[PDB]
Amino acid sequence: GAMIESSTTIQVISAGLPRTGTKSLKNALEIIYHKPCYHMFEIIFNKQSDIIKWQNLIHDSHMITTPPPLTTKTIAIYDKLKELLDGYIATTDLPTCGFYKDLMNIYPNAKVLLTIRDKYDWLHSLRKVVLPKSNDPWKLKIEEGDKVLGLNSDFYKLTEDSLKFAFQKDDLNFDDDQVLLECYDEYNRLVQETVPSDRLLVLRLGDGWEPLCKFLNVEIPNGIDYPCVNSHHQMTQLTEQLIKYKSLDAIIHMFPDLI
């Protein structure tokens, strides 16, 4: 196809939860659009200064009134969210995914994605990487690797609070598998009931380029396979190598495309 000059604004809002292929999707959107896509890894590796900004936004989010019409308080919150996303062409992952409805209002010309997978595979992946049970010995290893990356209690608070915001819960028993599974199913159901279907594409892991590129009116990138990164096995290796070498820069060359 012809090359056209794309606007550097949010063009794709992905509502999928962590551990549903968000990093591969992030990489895929950056291959298509040649501009950055938001993701929790953007915060971890490029923009830890954003942690407090996302925390402030979640803290004030209860004041949003779903538009239309637009209230004064909502505009103030939307302005901060637009500021956080300046320079990006898409959003994925926590902490953005719980804001998908508000992002749809801020960027009316953006298309919406929902990545989904088997709920038990999701939970298993979540427990290995993002939300290990309190008494899981592996939690201590993740925390040791987190410290190497400069991630402290404020990051943990953002993870918890942005998950609670996505699930619309005032509090959450993070150690209760049944609660998480029910929140997952309810979240994915609500996305599909909220987003007009002409504006939504549901992607399952393994769908690859074709449905995505058709939805976005772009050509399939020539000779580039659809990304497959961020398996829990690979994250486990990253945690162990962070613990072994005690720096990211000692090992980053060992983790292409993930970092």
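Position 1 is the first residue in the sequence shown; the rest follow in order.
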Compare the other PDB entries of this protein and indicate whether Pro68 is left unmodelled in at least a third of them. yes
Between 55-63 and 25-33, which has the larger average Cα B-factor in the PDB entry? 55-63
Decide which of the stretches 70-78 and 155-163 has the higher mean C-alpha B-factor, going by the entry. 70-78
Quiz for you: based on the deposited Cα B-factor, which of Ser231, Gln48, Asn217, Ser197 is highest? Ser197
Can you work out whether the C-alpha temperature factor of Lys147 puts it in the lowest, middle or highest third of the chain? middle
What third of the chain does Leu172 rank in for C-alpha temperature factor, lowest, middle or highest? highest
Lowest, middle or highest third - CA B-factor, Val191: middle
Test of reading the entry: by CA B factor among the chain's modelled residues, which third contains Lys101? highest
Sorting by Cα B-factor within the chain, modelled residues only, which third would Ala110 end up in: lowest, middle or highest? lowest
